[PDB]
Each structure stands twice: as structure tokens, then as C-alpha cells.
Amino acid sequence: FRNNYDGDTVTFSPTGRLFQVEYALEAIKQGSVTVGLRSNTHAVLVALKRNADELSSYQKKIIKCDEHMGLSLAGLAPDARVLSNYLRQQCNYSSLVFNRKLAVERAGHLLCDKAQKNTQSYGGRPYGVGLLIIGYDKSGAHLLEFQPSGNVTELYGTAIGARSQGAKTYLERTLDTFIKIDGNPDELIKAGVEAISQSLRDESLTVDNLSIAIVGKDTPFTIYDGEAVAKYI
Amino acid sequence: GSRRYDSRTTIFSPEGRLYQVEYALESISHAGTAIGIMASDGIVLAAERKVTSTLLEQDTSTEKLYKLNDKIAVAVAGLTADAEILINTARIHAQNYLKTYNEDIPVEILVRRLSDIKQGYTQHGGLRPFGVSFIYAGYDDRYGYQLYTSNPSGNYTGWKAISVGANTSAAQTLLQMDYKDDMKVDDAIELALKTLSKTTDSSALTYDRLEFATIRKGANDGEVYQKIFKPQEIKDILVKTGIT
Amino acid sequence: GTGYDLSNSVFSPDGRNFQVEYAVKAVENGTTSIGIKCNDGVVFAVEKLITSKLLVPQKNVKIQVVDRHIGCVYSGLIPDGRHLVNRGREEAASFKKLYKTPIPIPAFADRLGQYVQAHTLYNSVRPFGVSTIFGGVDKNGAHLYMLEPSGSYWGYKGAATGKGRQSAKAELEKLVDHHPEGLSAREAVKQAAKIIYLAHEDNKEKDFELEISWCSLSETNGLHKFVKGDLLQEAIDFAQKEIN
Amino acid sequence: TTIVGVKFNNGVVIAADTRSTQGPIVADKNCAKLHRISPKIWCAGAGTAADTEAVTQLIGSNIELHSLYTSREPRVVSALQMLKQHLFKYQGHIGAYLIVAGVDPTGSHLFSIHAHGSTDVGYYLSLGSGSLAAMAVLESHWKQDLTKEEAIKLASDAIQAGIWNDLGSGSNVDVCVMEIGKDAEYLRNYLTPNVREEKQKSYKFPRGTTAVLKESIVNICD
Amino acid sequence: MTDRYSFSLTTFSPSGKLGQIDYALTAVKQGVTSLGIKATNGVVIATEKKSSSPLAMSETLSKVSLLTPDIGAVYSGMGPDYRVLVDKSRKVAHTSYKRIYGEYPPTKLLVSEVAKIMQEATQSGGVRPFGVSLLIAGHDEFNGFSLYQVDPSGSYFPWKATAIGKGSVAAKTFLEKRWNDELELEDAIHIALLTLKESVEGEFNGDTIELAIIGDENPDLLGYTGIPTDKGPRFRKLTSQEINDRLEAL
Amino acid sequence: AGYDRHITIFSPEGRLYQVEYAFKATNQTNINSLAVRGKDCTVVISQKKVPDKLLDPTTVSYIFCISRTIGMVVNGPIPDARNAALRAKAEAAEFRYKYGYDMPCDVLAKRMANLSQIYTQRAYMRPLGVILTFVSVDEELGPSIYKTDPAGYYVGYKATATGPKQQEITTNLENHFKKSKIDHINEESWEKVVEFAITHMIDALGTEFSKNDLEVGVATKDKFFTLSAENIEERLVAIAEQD
Amino acid sequence: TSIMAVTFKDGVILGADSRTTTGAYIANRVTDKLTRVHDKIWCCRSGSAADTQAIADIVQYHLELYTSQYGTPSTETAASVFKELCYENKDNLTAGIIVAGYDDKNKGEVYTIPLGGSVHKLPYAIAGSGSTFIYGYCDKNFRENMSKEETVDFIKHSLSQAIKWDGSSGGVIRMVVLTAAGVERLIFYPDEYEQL
Amino acid sequence: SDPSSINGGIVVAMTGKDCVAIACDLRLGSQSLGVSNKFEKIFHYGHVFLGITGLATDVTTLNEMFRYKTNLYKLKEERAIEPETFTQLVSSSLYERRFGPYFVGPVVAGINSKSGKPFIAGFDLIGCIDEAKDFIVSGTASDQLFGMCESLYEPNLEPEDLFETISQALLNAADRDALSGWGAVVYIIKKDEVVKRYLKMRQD
Ligand SMILES: *C(=O)[C@]1([C@@H](O)[C@@H]2C=CCCC2)NC(=O)[C@H](CCF)[C@]1(C)O
Ligand SMILES: *C(=O)[C@]1([C@@H](O)[C@@H]2C=CCCC2)NC(=O)[C@H](CCF)[C@]1(C)O
């Protein structure tokens, strides 16, 4: 079965599946966990940076796309770089040509479309990375979940990566609570770190291991790493 | 995708051999034999016509001996249609050279170029190689009379006498047996006919199954002359040499 | 033999294109969506499965507009759906640019049709994993259409695709017989809200969100618009009421 | 140059003078300005000689191929459409001014094409520097329902008006008659009203008159 | 999209065979018999018009095609492949010869062009060889009359007489018995009819047989008069009636 | 090796299985059609079947108006049929622009047949699973019927039929012509030719037709048009008042 | 050149002189500047004969393909195709074109497309070198919803004046009538219109 | 400025009884500066002769081009090209450069090897063919040549007589042209043989 229909992305299986796409999705699950959630005034990204050795660094998992937008990745880092770069250009184009900040919902549509092309044509491969996009535009705070299949969804919060299901159930529970954390970033972040710790197991989030990013009303997307996240451990 | 149907005509075998070249040579080994013999006063080209009929028009036929230049000719062993493609481009390279330098193209330059074209189909492009082997007979003022050979791989070498096509192993041994450096065109003509006569897979060796050519420097002139024997001319030389 | 279902544009011994058939499977595995043609317009509605409380309500819109008078909804691989609408939009802009008049629905349908049919001609591409219900109002009326992964499409009185297409078609066929005079835009909206609630039984396990849009000569001026607020809730209730 | 076309009751006739000039010099006293596009579609050309000839042969070649492909007789309107679209594309750089005529399954036709690609239709036409002398004759003697013989006369006279009054025209008159149900008849040098009178003297030189420095045989046989 | 088949579809097998060419030849073998005979003052080519249905109008389908006014062709194998080959042959005769020299190509050269086109379908990327064998008969001032055969490989050879397709073996044998270098055109036509009769199962008349010749110039088929050097085409397809007249003297 | 069945290259028997399987696809619609030539018109009859009640019957057709003078009926799946129709229309329009006269029915047929031949020879292109029947009243040839298939083959017909029960329609028509000894329906009005066409459709298939079971296209000097349900009904009534 | 198109009660009429010049020489005195791009959509051509012919031929081609796919085109659509060609190629064209067509729903319509490639829908339009001389006359004598006879008279009188003062205009006056009833060709000779 | 007036030179061809003659001067200058007195403008491919006047670089290029083309022609046709055919080849080769032409004035002369008929033709720089029965002129002194030919010429002259005529036409035309002269060569052509003679003339 499967073996005969998963040699490339241009082949449907007898049940209507696209294995190459599915295998790509598997790269995300293998990726380190990262969480995203928002109130009505801010959006936060909390990501667990994974290290190779104890002599190695903890790979960055958050990229800023513009002053009002940014994302977190889980999976093939290179693909995240390619996709965020594309997002940076799209944000840029909107500003230069229309003097308009790109709508988070529009960015999601663009990413979906860019990924889709890599699932219907011979020779290419699907992107092997998941992305959580947060931003503050003319309609407030926003959080988006991007999957290599090209499916992009807007949520109040979520998580992707290994053991992500932990943080996800927690947020699906804490919903009514954090969604009202307006005017108070520190609280939103703390709630973000509480959702992420729900996916720990191996170790515990340290200083050079935790990565946080926030954006909102009067806060340009900024990234906090190391000492800057100490007050949250 | 398309990859599924790609034969990959340009890859190495685990032994470091090129599949298609090897198979093309196999194809050539079933082609009518062609022989080249170089003498002190000229070169002889003789080939056996593969398959013939009573109704085949031999006077208008030519399937093995082609004029490339007024000083160079080739004997063909393999796919005739493939051969004509190469012969045409070779005829063009010769003229490009002539127009550029105002001198007839040295024999090796032309042979190397044609062999390079062949080598290309061997390393890139994904196309099958040409199922052809050539024996080049020519003359230039740097090396005088020359005899060369090129095959599907794009490799070429020079010879005093050589053969391509069917039964070259046998044909080569016979040539190596009776060839002599001080030979004369007429001696070579005879040696060629005898050799084909012994390797033929057919009953007898008649004129209607042969093509013959000579590149000589007619003493009474001073220039080089190519002679592509006519049916009757072959029939004659065939009786004279004692084959009737 | 076998293997006729591994490459996209291959005819199997019985004349079928298995890859297109497998694409259909992707469609049947998708959410249910429908369309109802009324006396002066068309209504579109679709089921939006609520994977969790985390999905922001009303946000992940599925129905798409092309130009200003066409509505499109589809079942199957969503990204393939967007891809097809992007093409539709270029196709529509190009038509208006040259002819000035916005593109007629029949003309628009063949544009989508030819494009989808094109993805069943080569093995370098994969067929579309969606069935699309679209339509609108033009120079001479309203038109409803449904396009399959094979490129096949026809004009419809009512149409549905996805998980609960059977329930829907059943419900749609009822309306057709009981209303030979034609349903109204206002009525079609409610009727649509119901057909979706009913058809939701084939997926009763997960909660969902209803989405409706319409294009009516009298209700929207022939422009495609989404059903929101009061009018939306009114249809939701009309459905919640008849689901018991 | 003087070229004309004249429709008659059952066909069409075209004529032309035979002078070719390079500036004020007569390069050819008997060139042929009548070209065949297909067996029954002929063309009279004015302007740049290489162009009238080249364009006529190109379209003629393509028309022959089209004929073979459709298993039908070539139509004048096809030669006309192919010629005009080719000439239009080159914005007048191909200096071809033609009068295209012929008979085909749909009847007999007469058209004119200018270098820039515009076409015209009429019962009688003329182009070239001799155009005005010719048209004066045509505007004076043409009438509807002409016989083949009357047409040949009119066309022939129109050309003469040019030979005699236009310095750009001279020598002979060539004609081609295309009749609805017959073969087209090409009449090369239908009129030759400019034969040179016998010279006053013979300039044949006595052998040895010319001084020679060296002499040799040229080898042609390879 | 984009043809991504840039590799050969015909390649050498371990035995040295080029499968696709062999198979193409096999297709030719299943084809209806066609033949050609060279006389001293002409050449004749003929074949059977195997009507695929009595409702079909056999005339609207010529197996014998005029390539130049002095050259014609016939074939055996896949008709569609032949049809496009004829379109290409008629065109190359112009683009590669008439537009350069202002005269039609001599039979051997046009045959050479056709052959090249066929050879290329044996090596170019993403194509299959042509499933046909052609017999081209023509005439040119410096070569006189000639007859050639072009196979799927692109190879071609000159013949005094020959046949291809279904019963070629038998037909060739029958031709070898009746051919001599003194046959007049009418003799060759007669021999052609006799050879073709052995290959035809059903009706054998001017409506089921197609025949053309390359003979004298037909000034009556020219379409115009006035140029001494233009005497008319040498290629002429015989009419159903002309065939029947000769069948009575069978 | 076994791929000589997936793309268009010869099989050891010298066959092209993909072209054969494409012919198989032509009958997928289970529809039959036939065409006949009148004294100065050309008629084409084709079964019409609308199974789904949710369909708009007016949008279900297999006949196309290629140009002002040419009509085309297709036997095969609708998407390949529409692909063929669009190409034919573009070809017809271009021909007029370049050559100055309307593209003849047989020429358009040869052109589409040649395109088909290409899918037969180039691997990256698949054949279209359809059979195309072209009709018109050619200005040079008179009433004309030319049909092309997935093999790139094409020819002219006195009359023809296509579909699952093609053979029965064909023999029926063959018989009628062996009897009449002429190659057309000697009727002055196309209405009677349409009636003849439908009459033999019925006889051959042994079935009765309502006004919504058929589809009709007619070609006359300078115009090809399709009949409406009512035009057809008027046809069905006429034939009824004879049996 | 003098060309005009006039809408009236029953549809629309196109009119034009029949002169083509090359300097002061009359190359053609019986030219037909009224060209058909569709059954009931015609145009009046002015400027370059070669350019307007090429434009028209292309428009006719576009509308023929349009018809084969989407049925009869509106007059507005025809004017859009002319426009596209004239605007996008404005640097290399010299074409003053008036598009006129009859629609059953819209009746008669006139669109004028001058040198730049801009489009203008009007009750009537005049163009060509000869038109300059009849701006005053036409502005004073035009009325909407005139009868066929009245419109034929308006156009005949207008063009006779254009022909009178403009040396680039002359020959016969041609007209084309477009109404639900069909297409009618009219021609008026010098002897008639000169003494108006 | 004018490409056809930089190097100078003339060529003239004539028909006679069963023969043809083609002649040319030998000058090659740089405007007023004489550079070479050995620049022959007549070439031959088999039995076909080609004279070319005009810009020297193009005269050389065209010769090399036609040698190249007639060589391939012979290899495929298996016969030498004829005058009529070559003329068409010259014509289409020139037209191929319609908008960037070779600045030359070609002249073809020869006898058809099969019909024995004498043949001469002239061309303009873009291939237009002039197939005259009597004579053809080309070069910086073409006006002078027309004057010489129109008077001195008469039909069916024997080879020895045509020689005197062609020569006197060439010589006296050249002496009225500042850019022509410095030597001259005449070719007498017959079915079987061809004689080439160099004439004695002023060297100023
Ligand atoms: C006539 O148009 C001219 C002819 O020389 C050429 C020669 C052969 C046939 C095409 C026409 N063309 C000219 O340029 C020349 C002088 C123009 F003023 C000519 C004699 O009128
Ligand atoms: C009118 O515009 C002119 C006509 O010759 C052309 C010919 C046919 C239809 C389009 C119009 N165009 C001109 O250039 C010419 C002279 C202008 F000064 C013309 C007579 O006015």
C-alpha cells in the first residue's frame, strides 16, 4: 500500500491521502514544542529551544517578520527561514506600495498559498515545518497556526511540536481566563509559560532554554531570550 | 512524474562501463563488415552490404561509403540513419574550417570533433548514443595518408589496417597476418577483398554485396583523388584478384 | 497488468483515470457544503467543524468571492480550493479587462472547468482535491454550478458535496419537487441552514459553525454578500427548530 | 513602373511595363513585373523589386502548402490576407506595392496592396510612377461589362500611357489573363513597341586589337 | 505541465536491438500492402483502399500523396503517422530547398529529409518512432526516375521494385519474376495490378485500389500557359475509371 | 518494460494501449449519436440523458457550435469534450483571420486529428477520450460529416453513428443506403431529414423517445444550429402521425 | 476623411465619404470606410488605412471567438476590444475609430475612440479631417430619437458639407443602417448630395 | 560613407555564340589610395563563375560563403551546381540579409552543362535578379560600362570576337573611373574549355 503512493507529492493514495505531505507533518511533531496565545490587547509566543549537546546553543525558534508581526517554528529550521523571509517581503510590499501594515489574516492566506504549490507539482517537496503567527493589526491581536499541508487557522491559543497536546488541552481549559488578560503583558506571558510547561517531561525550562516573544496595542513585536526571561522561570 | 520512464542512458555499471555504449557496440557487431587498409601510395576502403535483393537498385545505392571531404571519406558500420546525421554535421565542420582558415581540415581535427559529438551523448542529455562506428580514410599535408576509427563511446585511434562491424576479431587476425608496411594500394585492395571473403557470413562474395573506394595521389597530377568504385568496377577487380 | 493508478494522466484498461477517482475520495472525506438556486439568485452554505474551543468563532471564513458577483465554496483539500479561486479571480479580471462587462457565470464555469481538466492531462501534476459549488447572477439570471476533480461540471437547481452529500441531495430533491415555481432568496437561506444541520448528522460527533452567503438580484443587487447578524441567527433557529 | 488590373465580364487581367531602374539608369530593359502566386492567382508588382519578388514567392510557397493541406484551390482573398499581414508587420520596410488578381472557386477578384499593408478593391487599378498616366486612361475608357478582348485592350493602353509619359516606365507590355473557367494565360511581351533601330555602324573589333600580358587555361574539372 | 520527457524512449537492449524500432516495424507488417515498380519511362506506386466501413467515403482518404509535382508517396502502417509525415515532407521540400534554390528537390534529397525526420523520432526526447514505412517515387532532371523505401529507423534504400506491409514477402517474390530493365510504364502498371490482386481479399476495382504514377509532364494539369520552361507535373493519380479500363486487360 | 501500457510507446505487438484505452473512455457516457446528410443540410442526433433531478437540463449537452457554419458532437466524457470544443473554436477563428475564409469542416477535422496524432506520439501528452463528429454544409463540398478519434484517424462519411450501440445504428443506416442507392437523404427540408434521422435512431435502438431524450443539431448553408425541446417535440409528433 | 455615427429611434446609422489619398492624389475614390466586426456592430475608420484595417480585422477575430464561446457580444464589449488595441499600441497607431452597433435591449449605441485610445459613448459622433467643418452644423441640427428618414438626412447633409470644404473627403456618401429589422446599405452620389 | 565606393572595381559579363565571358579590373583601393593591383573579383565553383564588385570585405566573405555552400551542394546532389540554380542561391542568400545587406553587386556567368545554353545574371545588394540575354555590368564605373556595352555589343559573337568586345568595354569604362583599373582579367568560357587572359592597361 502506502509505499507505492508516497514516492512524491503529485500522487494520491487510493483513499485520497497525500503521504509526502503527511510525512512532512511528521517533521513538525518531532520538533520542539512552542506555544501561542492571545488576549484582546496582546499576542504571545513561548517556545522551547532545543539544544544538540550541552556544548551547543539552543536553536532560535522565533522570527520577527515586521514591527507588528512574527512567528514561532517547529520542524525544519531552513524551511522556516524561507517562509518567514517570504512573509517579511509580503509585509514589506504592503508597507512600501500601500503604506499599509499587512493584516495577519492576509499573511495566513499568503502562506497557505505558497505552501499549497509545493504539494501539487512534481519535483518539489512540501515544507517540513509548522508555524505559529502572532500579530497586532487594525483588528487587534491575532494568533495563527500554519501547517505544511497549507492549512492555516486562527485561534485564541495553541501549540505545535512534541508533546504539544499537553499545552493545548491546558489552553483549551484556561481559555476563558487568559483571553481577558488585557493591559497586562506579564500575565499573558506567565500564562504562556504555564501552558508550555504542560508539555515538559525531559527537563524544566531554564534561562538559555526559554524564548518568549510578544506583540500588541503599543508593543512592537519583540523577542526576549536568556536573562530577559529569567523573571518568568 | 516522468522519472519513472527514464532509462538513464548515461550511467556507469558497477564495473565502470557505460551500458548504452556497450549495447550499441553489440548492435554494431551485427553490421556488415567494413575494412580499412593504408598503403604507402594510398588507402583502401571496402565494406560488405548487409542484406540484399534482386530488386535492390545497387547503382543508386550507398549504405557504407560516404564522401565527407574531397580528401576524407568514411566507411560505416551500424545504423545508417544515425550515420547520416553524423556525416552531415561532419561535412559541415569541414567547411567551417575551410572558410575560417582557407585550408582543408586536417584529418584528425575532423575525426576528433565527430568523436567529441559522440562522447557528448555519453555524458549528458539523457539520449541514446549513435549506433555507429566509422573508419576514416583521408589525406592531409601534415601526416599524409591516415586511417582512423571511432565508435559509440567517442574514442578514436589510428591504424595501418582495421575493421569494424561483424567478425572483427577474425578479420583483424587475418589482416595482422598478411599486412606489410611497404604494401602498395593494389596489394591492399587484394588483401581487403580476401579478408572479407573469409569472414563473410554469406555464401560467396559477389560484387552486388560490396562497396569499394580508394584515396590515391594519382602520380600524373600531384593532387589527391577519391574513387568510389561503381558496380561494374567492383565486379572487375573481383575477377582479377581471383574471386571471380 | 497493474500500476495504472500510480501516474495521473494514465488510462486504465477500462478507460478510467484512477488518480482523479482517488482525488474524489479526498473530497468525500471533506466537510459538507451546498448551493441552492432561487428565483433571482443563489445561496451558498457550508459546515465548519469546530475542532476545539480554541478556534476563534466566525473567523476562519471558507466561502470565497470572485470578482463582485460570484460565490464559491468547496469540499476537500482547502488549499486546493483557494488555489482554484485564485485562478478564477485572474480569469475573471482578465475577462473584464478585455470585454469590460463582468464575466458571465457560464463563461466563468468553463474557465474553472478547463483549468481543472488541464490537471488531468499530465503526470507532472496532481488532480484537484476538491469539488466546487459556485455561481452568481449575470445579464440573464442566476446560475448554480458544481465542478468535480475531473473537470466535469453542470448547471444545478441545487447541489451538495462532501461528507453528508446524500442527506443534502435528499433534502434538495425534496425542495425541487415541492417548489416547481421557485424558492425565494429569503427562503433559500433558511432552507440552506437546515440542509446543513441535517447533513451534519454524518459528523454529529464534532460541533460545528454555520456559514452562509448569497447573491440575489433583489436582496443584494446581484452582488455576492455574506449572511450576518440577525438574518443569520434567524436561519440558525429555523434549522435548530426543524432538527427536532 | 506602371502596373494595372482590370476586371471583365468573366475574369480579370493584369499588365505591367518592363523597365527596371537604379536612379536615372535603366538597369533592366525587360524585367518581368508579373508574378505567379499560384496557377490562377497572379500578381503585378511595383516598388522595391527584390521585395515584390520575395514577398510574392514567400506567400506563393505558403499558399501552395495551404492548398495541399486543405485539398482545395487557393483563393485570392487568402493570398491577400497573407500578403497584407506580412507587409503590415514590417511597417512599410518591405517596399512591395502589388495588384493581386485571380480566379478561384468563389469567382474572379481584383485587389491592390500597399507596402504598409492596406488593401483596396476595384474594377480597375494601377500603381507605380506611371500610375497617373494609366489611371487617366482607365478613368476615360473603362465601362462595366467589358469583354476579355476589351479588357486586354484597356489594360494594355493604360500601360502604354505610362511607357510613353512616365520616365519611370518603358520598353514592353506584359499581360496575364485569368478567366473563370480556363487556365490563366501569361502573355510575356504582349507588346514590344520599343525595338532599337539598327545601329549606324558595327563595332566589331579586328582580332588582336587588345593588348594581352599573360594567358592560361582554367581548370574546371575536379 | 511542460514536457518533462527529455530522455530517449528508444534505447539499446543488451542484445543490441532498438525495441521501439522493431515494434514500429511490426506495426508496419500488420499494415495493408503497398508497392512500387520502376519502368524505363515512369514509376508506379499502388496500395489497397481498405475502407473501414461502407458508410465511409474512401475518396476522402488518399493513401497516395503528392509531395512535389514530380514526387509522390504511399505507405504501410499507421495512417495518422503517415498523414503528418506528408504534411512535414511537403513543407521541408519548400523550407529546405525550393525557398533556397527556387526549384523542387530531387527525389533522393527529399527522401533524405523525410528519413531524417524519422530518425529523430528514434532518438529525440519523449517520442516514439513513426509506425510507418514509405515508398517515395519521383523524377528529377539529373537523376531520372527513382523509387525509395524509408523505414521507421530512418534508413532508406533505392528499389527497382518492391512491396511493404502484410503480404510483402509474397509480393516481392512475385515482382522479382516479372521485373526487367525494359518495362514500359504501362507494363509496370499492369504488373502492379497483378501483384496487388494477390493481396486483396474482397472487391478489386478502381474504387478499392489507389494508384499513381510519375511519368511524362502533364501540361494540362499545370493551370496556366505562357512559360515554355514550365511543362506540368509528372505526378498523376489514376482515376477509378482509368484503373478499371486496365483491369479488363488483366 | 510493463510501462508500454502507461505512456504512448509501442508494445511488442506494435500496439498503443493508451490509445486503445482512450477509445474505451469514449463510451463512458453511454450515449449514442448519429449524423446524416440531407440534400442541402446535415443533421446530427444524439441521446440526451439527465439522471440527476438536481441538474439544470438546459446545461447538459454534447453538441457544440464550433463556428457559424460548423457543428461538433462529442462521444466521451464532458471535460475532455469541452477541451476539444474550445480548441476547435480557437482553431476555426484563427483560420478565418489568417486565410480570409471560413475553415472547412474537413480541414478542421484534419487539424484536430493531427493534434490527436501528436498525443499518440509524444509521451507527456495523453490522448483525449473522445470521438468528434464534425458537420456543416461546406461551400465547396456540400453537406459534410467528418469524424476523428483518439488515434488521430479521420474520414468523411455519407452518414455515421457513434457510441455503445454504434454497430446497430450503423448496419441500420447501411441497409437503408444499399436500398436507396444514393449517398444522402433525398429530402428538401431539414425538418424531414431530422425526422428520418430520429426514425432510424428509434428502429435501430428499438426505443421510443420523448422531447427530452434527444438533442439535435442542424447545419445548413451559412449556419449550424441546435433544436429546442419544442422544435424536437414538433418533430416527434410528425413521425408519430406515420406509424 | 469624414465619418459619423448617429443613434436614432430605431437604432443607429453609420456614414462616411469614400476617399483615400496619398498626398493630393486620390488613390481610391470608392473606398468603403464602413467595416463590419460583427453582424450588428460596425465601425467607421479614419487615420491610417493600414492601421484601421489591421485593427478591425483583429477585432472581428476577437468577436468571432467571443461569439463561439459566450454568444453575441454587446456593442460596449466591441468598443472595449477596439479600445484595448488602440490604447495599448498608441505609440504605433494612427487610428480614429467610431464603433456603432444595434442591441435589442440597448437599441443603438455609438462609441468614439480618438487618437489616444480613450473611449467616449455619445448620442452621435463625427470624426476625420472633414468633421472639423461640421461641428457647428451638427451641434445645431442633431436631435435625439429622430426617425430613420430624418437621421439619413442629417448624415447626408452633414457629410455633404464636410466633403464640400475638406479636400481630404469626397466621392460617394456611404451609410449602413443598423436596426432590429437588419442591416441596410445606402449610397448617395455627388449629383445628389452636392446640390443640397 | 558609401560602402560601394570605398574600394572601387568593376565587373562585366557578356553572352556570345555558344560562349560567355566575364571580366573585371584588379584594383583595390582605400578611397583615393591605391592599395592592391592584384585583387581579382572573379571566382568559380565548378563551371559556374561569379564576379563580385563593391565592398572588398564582403566580396571576400561572399566568395567564402558560396564556396562553402556549393561544396555541400555537390556532396549531397552528387553533381556540380548549374548557372540557373546558383543564381537562385545567390539571390536568396542576399535577401536573407535584407535589412543588413552585403554591399556588393554580384554577376553570374556560365554554360549549363546539360543544355549547353549560355547564361549570365546580375543582382542588386539584396538579391533582385536581372537575367539579361546580352550583357550585365557592375561596379563604380557601371554607367561607363552601360555606355560601352550598349554600343559595342552585338549578338552571337564568336569567342575570339567576344574577347575583343568584352575587353574594350571593360578597359575604356575603367579609364573613365578613378576607382577602377590597375590591371584587368578576362574569362572566355565554352562548354569544354575556359581561357583566362590578363590585359595590359594604364596604371594610373
Ligand atoms: C517600379 O515600381 C520600379 C521598378 O524598377 C521595380 C522593378 C521590378 C519590379 C518591381 C518594381 N521601382 C522603382 O523603384 C523604380 C523607380 C521609382 F521611382 C521603378 C522603375 O518605378
Ligand atoms: C481619412 O482619415 C483618410 C483616408 O485616406 C483613410 C482611408 C481609408 C479608411 C481610413 C481613413 N486618411 C488619411 O490619412 C487621408 C489624408 C489626411 F490628410 C484621409 C483621406 O483623410
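Atoms within each ligand, like the ligands themselves, are counted from 1 in listed order. In what follows, every chain begins at residue 1, and chains take the letters A, B, ... in the order their sequences are listed.
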* D:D51 side chain to H:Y95 side chain, donor-acceptor N/O pair below 3.5 angstrom -> yes
* Test G:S46 against G:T1 for side-chain hydrogen bond (donor to acceptor under 3.5 Å, both in side chains), laying out the working first. => CA-CA 6 Å; G:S46 75; G:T1 292; over 6 Å; no
* To do: Have a look at ligand 1 and work out which part of D:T52, if any, has a heavy atom under 4.0 Å from it: side chain, backbone, both or neither.
  => side chain
* **Side chain, backbone, both or neither: D:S129 near ligand 1, heavy atoms under 4.0 Å** => side chain
* To do: Report the distance from atom NE2 of D:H86 to atom CD1 of D:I94, rounding to the nearest 0.5 Å.
  => 4.0 Å
* Structure fact -> CZ of H:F103 to CZ of H:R97, rounded to nearest 0.5 Å, is 12.5 Å
* **side chain to side chain donor-acceptor pair (under 3.5 Å): pairs with one or both residues in residues 13-25 of chain D, sequence neighbours excluded** => D:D17-D:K33, D:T18-D:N30
* To do: Report yes if D:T48 has an N/O atom closer than 3.5 Å to an N/O atom of ligand 1; otherwise report no.
  => no
* Asked: Should the pair G:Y61 and F:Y97 be assigned to parallel (<30°), tilted (30 to 60°) or perpendicular (>60°) ring geometry?
  -> tilted
* Asked: Would you say the ring centroid of G:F142 lies under 6.0 angstrom from that of G:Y124?
  -> yes
* Against heavy atoms of D:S20, which atoms of ligand 1 measure under 4.0 Å? -> 5 (O), 7 (C)
For a distance cut-off of 3.5 Å, show me each N or O of ligand 2 paired with any protein N or O, plus the separation.
| residue | atom | partner | partner atom | Å |
| --- | --- | --- | --- | --- |
| ligand 2 | 2 (O) | G:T1 | OG1 | 2.3 |
| ligand 2 | 2 (O) | G:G47 | N | 2.9 |
| ligand 2 | 12 (N) | G:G47 | O | 2.9 |
| ligand 2 | 21 (O) | G:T1 | N | 2.8 |
| ligand 2 | 21 (O) | G:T1 | OG1 | 3.2 |

* Check ligand 1 against D:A49 and write out every atom of the ligand that is under 4.0 Å from a heavy-atom position of the residue. => 7 (C), 8 (C), 10 (C)
* Asked: From H:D130 CG over to H:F123 CZ, what is the distance, rounded to the nearest 0.5 angstrom?
  -> 9.5 Å
* Asked: Purely on distance, is any nitrogen or oxygen of D:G47 under 3.5 Å from one on ligand 1?
  -> yes
* Asked: Strictly by modelled atom types, are H:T87 and H:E131 linked by a side-chain donor-acceptor pair under 3.5 Å?
  -> no
